[PDB]
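Chemist: Have a look at this one.
2 protein chains.
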Amino acid sequence: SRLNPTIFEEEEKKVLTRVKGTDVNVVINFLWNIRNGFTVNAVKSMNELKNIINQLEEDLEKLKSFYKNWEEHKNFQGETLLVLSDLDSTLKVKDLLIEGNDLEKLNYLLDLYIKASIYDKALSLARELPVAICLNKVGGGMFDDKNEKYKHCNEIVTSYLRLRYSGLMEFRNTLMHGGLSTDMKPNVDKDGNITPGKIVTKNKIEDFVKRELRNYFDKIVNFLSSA
Amino acid sequence: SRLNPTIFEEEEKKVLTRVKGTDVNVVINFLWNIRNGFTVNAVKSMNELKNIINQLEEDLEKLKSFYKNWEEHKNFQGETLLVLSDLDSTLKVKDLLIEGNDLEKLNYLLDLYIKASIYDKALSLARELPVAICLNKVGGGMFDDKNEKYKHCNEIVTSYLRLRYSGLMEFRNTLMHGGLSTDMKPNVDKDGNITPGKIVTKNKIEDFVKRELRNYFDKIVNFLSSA
């Protein structure tokens, strides 16, 4: 924002005005949504960012030849505020984007949540994405209990899940409510000392999510393809 | 039972004692169960009956060559009680039998209920047979709400069943309760006269069952195979 050179050329001014107005806040917001599990908004912003980083790629290629031939652009000679590494590292956000329909984007987002060990969000997305996949097959509808198409899609998913992938739901639930909840059944005593009930190990979750969960999701998804 | 002539040879006494003790009551009971919709009990019998009619087939083939060469056998000359047509007509019950597991037997029984125009029994069997199919895939269980395997199998069938094939359930219900029921919504007046609330669609029942329903069942069964 305050990055203004005292004097510089017309080509220098055009490229610096381009860089000066790159929507870094959209990149930050994208990460905030992915982190806090606003999976729908995460995937929606995906196209805006493809354009933000494509504009940054070209601003950066220009800034690169500028610094490769630094002898010509001596106006940056004393400028501190402009950092290539800050912008080039921002281009890594490209690794979080995919092309396709919002269902295909959410599908990739699920993989991203497994890669980063974000277990809680990966499970909820694995649980609810098949419901959204089912709704597409039946022509579409809102994620509301008032919607008939959803009402039954959910019932099929929930029942097929409780039938074969009983564990998926058990984990998702445990992680959603956390240790201090009916899913963990800890015991509060007279002294205020709590003694945990259930004990699901770090490796039970790590292994299930990072190994079985993908395959289990894919097995659910082509099952509902027939529907 | 009262069939017992005064004169008889060793070959004719052999066959007449065989015919005299053919379990016709099992054939009658088989029909009683098929008629009243005790589909499970009827399917278990189909093996017993296969043997009853296989014994009757050879009894009859013997009785046939006996009557084809009637002049060698003039002992039956005055006997009234033995009549071929009664036994040969009983052999038609073979058309009601099939080979395989009880699930494959019930599957054929469904077709039989469509052939004879017994709509209600065909619908209930079409709606419940996919649950027993599902229960086989998950290792087996009792048709009780206490059984977990059933509880969800039913939920999948019912939901896939209320999502697509909406009509099947509507018909099955209507036919189960009949005209005097909440599914038909008739109106009883002050005087004592009832005025129906829906139209008895003789032809959509006939047409749905005898045309669409076998396809609607195969499509369901193909869907739950993946489960």
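Just so you know, the sequences run in chain order A and B.
The first sequence begins at 1 in the numbering used here and counts up one residue at a time.
The second sequence begins at 1001 in the numbering used here and counts up one residue at a time.
Yeah, the Cβ is synthetic: ideal placement off N, Cα and C, and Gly gets one too.
Among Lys1137(B), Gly1139(B), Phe1217(B), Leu1125(B), which residue has its Cα nearest to the Cα of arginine 1035(B)?
Modeler: Minimum Cα distance to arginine 1035(B) is reached at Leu1125(B).
Chemist: Can you grab the Cα-Cα spacing for the pair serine 45(A) / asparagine 1173(B), in whole Å?
Modeler: If you take the alpha carbons of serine 45(A) and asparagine 1173(B), they lie about 48 Å apart.
Chemist: Using a Cβ-Cβ cutoff of 8 Å, what residues of the segment 162-176 of chain A are near chain B? List them in chain order.
Modeler: Residues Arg162, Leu163, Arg164.
Chemist: So, for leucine 1091(B): in the same chain, excluding its five sequence neighbours on each side, which residues have a beta-carbon less than 8 Å away from its beta-carbon?
Modeler: The answer, listed in chain order, is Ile1053, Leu1056, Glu1057, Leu1060.
Chemist: Can you say whether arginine 211(A) is buried or exposed, counting buried as having 16 or more other CB atoms within 10 angstroms of its CB?
Modeler: Exposed, because fewer than 16 other Cβ atoms sit within 10 Å of the Cβ of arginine 211(A).
Chemist: Are the segment 1071-1081 of chain B and the segment 1163-1183 of chain B touching, with three or more C-beta to C-beta distances below 8 Å?
Modeler: Touching, no.
Chemist: For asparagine 41(A), which residues in the same chain have their Cβ closer than 6 Å to its Cβ, ignoring the five residues on either side in sequence?
Modeler: For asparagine 41(A), where only same-chain residues beyond five positions count, the Cβ hits under 6 Å are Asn33.
Chemist: Check whether the segment 1149-1162 of chain B and the segment 159-167 of chain A are in contact - that is, three or more C-beta pairs closer than 8 Å.
Modeler: These segments touch.
Chemist: Just to make sure I have the definition right: I need the residues of chain B whose C-beta is within less than 8 Å of the C-beta of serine 117(A). Which are they?
Modeler: Correct list: empty, because the minimum Cβ distance to chain B is about 31 Å.
Chemist: Is it true that the segment 1127-1135 of chain B meets the segment 1187-1207 of chain B, where meeting means three or more beta-carbon pairs spaced less than 8 Å apart?
Modeler: Result no; under three Cβ-Cβ pairs closer than 8 Å.
Chemist: Candidates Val24(A), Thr195(A), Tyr119(A), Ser225(A): which alpha carbon is nearest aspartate 88(A)'s?
Modeler: The shortest C-alpha separation from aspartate 88(A) is found at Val24(A).
Chemist: Between the Cα of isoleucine 220(A) and those of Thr158(A), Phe208(A), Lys14(A), spot the shortest distance and give me the residue it belongs to.
Modeler: The residue with the shortest Cα to Cα distance from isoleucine 220(A) is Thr158(A).
Chemist: Is the CB-CB distance between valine 1015(B) and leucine 1081(B) below 9 Å?
Modeler: Not in contact: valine 1015(B) and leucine 1081(B) (Cβ atoms no closer than 9 Å).
Chemist: Please decide whether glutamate 1206(B) counts as near chain A, where near means a Cβ-Cβ distance under 9 Å.
Modeler: Chain A, which has no Cβ nearer than 9 Å to the Cβ of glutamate 1206(B), makes this no.
Chemist: Can you pull the chain B residues whose beta carbon is under 9 Å from the beta carbon of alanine 227(A), in chain order?
Modeler: Under the 9 Å cutoff, chain B gives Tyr1160, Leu1163, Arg1164, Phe1223.
Chemist: Measure the C-alpha to C-alpha separation of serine 85(A) and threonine 22(A) and round it to an integer number of angstroms.
Modeler: Answer to the nearest angstrom: the Cα atoms are 15 Å apart.
Chemist: Just list the beta strand (DSSP E) runs in the segment 1045-1097 of chain B, keeping only unbroken ones of 3 residues or longer that don't cross its boundaries, in chain order.
Modeler: Complete beta strand (DSSP E) runs here, min 3: none at all.
Chemist: Of the choices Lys198(A), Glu9(A), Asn47(A), whose alpha-carbon is the least far from that of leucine 97(A)?
Modeler: Ranking the options by Cα distance to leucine 97(A), first place goes to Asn47(A).
Chemist: Where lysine 1146(B) and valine 1131(B) are concerned, what is the direct C-alpha to C-alpha distance, given to the nearest angstrom?
Modeler: Each residue's Cα considered, the two are about 15 Å apart.
Chemist: Helix, strand or coil: which one does DSSP assign to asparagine 107(A)?
Modeler: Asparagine 107(A) falls in the helix class under three-state DSSP.
Chemist: Just to confirm before moving on: does the CB-CB distance between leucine 106(A) and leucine 129(A) stay below 9 Å?
Modeler: Yes, they are a contact pair.
Chemist: In chain A, what lies closer than 9 Å to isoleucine 1156(B) by C-beta?
Modeler: Here the neighbours are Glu155, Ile156, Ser159, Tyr160, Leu163.
Chemist: If you drop the 5 nearest sequence neighbours on each side, which residues of the same chain put their C-beta closer than 6 Å to that of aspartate 183(A)?
Modeler: Once the five neighbours on either side are set aside, the close Cβ partners of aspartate 183(A) are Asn173, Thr174, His177.
Chemist: When you compare only the Cα positions, how much space is there between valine 1093(B) and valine 1027(B)?
Modeler: Distance between the alpha carbons of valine 1093(B) and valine 1027(B): 7 Å.
Chemist: So, at 6 Å on beta carbons, what are the nonlocal neighbours of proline 1196(B) in its own chain, with the 5 sequence-adjacent residues on each side left out?
Modeler: Excluding positions up to five away in sequence, the list reads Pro1186.
Chemist: Check the Cβ-Cβ distances between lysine 1149(B) and every residue of chain A, and say whether any is below 9 Å.
Modeler: It does: the Cβ of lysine 1149(B) has a partner Cβ on chain A nearer than 9 Å.
Chemist: So, under 8 Å CB-CB, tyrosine 1119(B) and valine 1209(B) are touching, yes? Tell me the CB distance rounded to an integer number of Å.
Modeler: Indeed they touch by this definition, with Cβ atoms about 5 Å apart.
Chemist: For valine 1138(B) and chain A, any beta-carbon pair shorter than 9 Å?
Modeler: Output row for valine 1138(B): interface = yes.
Chemist: Can you tell me whether DSSP reads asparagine 101(A) as helix, strand or coil?
Modeler: If DSSP states are grouped into helix, strand and coil, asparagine 101(A) belongs with coil.
Chemist: With a threshold of 16 other CB atoms inside 10 Å of the CB of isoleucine 7(A), please say whether the residue is buried or exposed.
Modeler: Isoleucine 7(A) comes out exposed.
Chemist: Residues in the same chain with beta-carbon distance under 7 Å from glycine 37(A), minus the five sequence neighbours each way, listed in chain order, please.
Modeler: Same-chain partners within the cutoff: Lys121, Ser124.
Chemist: Does the CB of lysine 1198(B) have a neighbour CB from chain C at under 9 Å?
Modeler: In the structure shown, chain C does not exist; the protein chains are A and B.
Chemist: Between which two residues does the alpha helix (DSSP H) carrying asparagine 1173(B) extend?
Modeler: Segment 1166-1177, the alpha helix (DSSP H) holding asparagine 1173(B).
Chemist: Going by DSSP in three states, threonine 1022(B) sits in which element: helix, strand or coil?
Modeler: Coil at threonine 1022(B), not helix or strand.
Chemist: List the endpoints of the continuous alpha helix (DSSP H) containing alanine 1227(B).
Modeler: Element bounds for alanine 1227(B): n/a, residue is neither H nor E.
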